[PDB]
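Presented below is the structure to which this report refers.
Protein chains in written order, with the deposited numbering: chain E, 671 to 720; chain G, 721 to 769.
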């Protein structure tokens with residue numbers, strides 16, 4: 671629809687006061703879970719044997 | 721045998737068991753065909769028991 675754009679990630683309006691790093695954004699969540707999974711992989715039995 | 725080495729030995733043996741080689745498949749499925757064809761080519765036919 672005219673004057674609209676789509677965006678692969680969730681989005682928010684521009685913040686009001688100063689910015690700062692946060693940890694509840696979609697990307698941050700994606701990062702944390704991904705790392706958590708691979709850590710689980712590394713500790714799996716398949717790695718331990720070798 | 722010191723366990724560190726003992727740990728190493730079982731490790732390297734495990735690695736060998738995990739290699740995704742193609743040979744076992746070839747033996748079971750493809751090698752027989754090659755023999756069956758070549759049997760008609762050699763100057764001496766196969767002689768088996």
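We treat Cβ as the ideally placed atom computed from N, Cα and C, and that holds for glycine.
- Item | residue 677 of chain E to residue 696 of chain E span [Cα, whole Å] | Start at 1 with the first residue of the first chain, and residue 677 of chain E comes out as number 7. Start at 1 with the first residue of the first chain, and residue 696 of chain E comes out as number 26. For residue 677 of chain E and residue 696 of chain E, the distance between alpha carbons rounds to 13 Å.
- Message: At the level of alpha carbons, what is the spacing between residue 692 of chain E and residue 728 of chain G?
- Response: Position 22 of the first chain, counted from the first residue, corresponds to residue 692 of chain E. Position 8 of the second chain, counted from the first residue, corresponds to residue 728 of chain G. Between residue 692 of chain E and residue 728 of chain G, the C-alpha separation is close to 44 Å.
- Message: Need the endpoints of the alpha helix (DSSP H) that residue 748 of chain G sits in, please.
- Response: The count along the second chain starts at 1 and reaches residue 748 of chain G at position 28. Residue 748 of chain G -> alpha helix (DSSP H) spans 743-749.
- Check the Cβ of residue 735 of chain G against every Cβ in chain E and list those closer than 8 Å, keeping chain order. Taking the second chain and counting its residues from 1, the one referred to as residue 735 of chain G is at position 15. Within chain E, the residues near residue 735 of chain G are 720.
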